[PDB]
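Given as structure tokens, the chain that follows is alone and in the form deposited in one PDB entry.
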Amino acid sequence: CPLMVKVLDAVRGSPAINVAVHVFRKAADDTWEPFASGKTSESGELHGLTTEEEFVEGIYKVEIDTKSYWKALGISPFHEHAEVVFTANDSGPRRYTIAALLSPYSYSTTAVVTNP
């Protein structure tokens, strides 16, 4: 429950379905270690990536594979992916929704951070 990703398509006005998402966590030696991955559902949501126990303090990167999404719709987009990089749980455990809104040459991302 502590990390969820939601992806919307600004061209079609719909969830962005079947988008690949890779999460990484910065290690002590400053490299990016693979942490979790998955794909968005029919609702454009990806749940279940991690657990309260596993999701410790750290710097996390959420890489959303926007380029494969657009190419499967016949569009050659600008970006390789959308990356969202952030420190998590620095003030204690929180619940993070990482939302992204996609267009071929543009994206936006926002975080909704809540305290259970």
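Heads up, when I say rigid core I mean the largest set of C-alphas that superpose within 1.5 Å between the two forms. Residues that one form lacks are left out of the comparison. Each residue number is its position in the shown sequence, starting from 1.
For the two regions 95 to 103 and 21 to 29, the entry's Cα B-factors average higher over 21 to 29. Higher average CA B factor: 30 to 38, of the stretches 78 to 86 and 30 to 38. Looking only at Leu46, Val56, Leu73, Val62, the residue with the top Cα B factor in the deposited structure is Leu73.
In the PDB entry, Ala111 places in the middle third of its chain by CA B-factor. Placement of the Cα temperature factor of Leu3 within the chain: middle third of the modelled residues, per the deposited record.
In what follows, reference is made to the form deposited in another entry, a form of this protein that is not presented.
When the two forms are superposed on their rigid core between the shown form and the other one, the C-alpha shift of 2 Å or more among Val85, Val56, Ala27, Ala72 belongs solely to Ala72. Relative to what is shown, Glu80 and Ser41 are closer in the other entry; their C-alpha atoms differ in spacing by at least 3 Å. Listed alone, the shifted run between the shown form and the other one is 66 to 80, counting only residues present in both forms whose C-alphas move 2 Å or more over at least three consecutive positions once the core is aligned.
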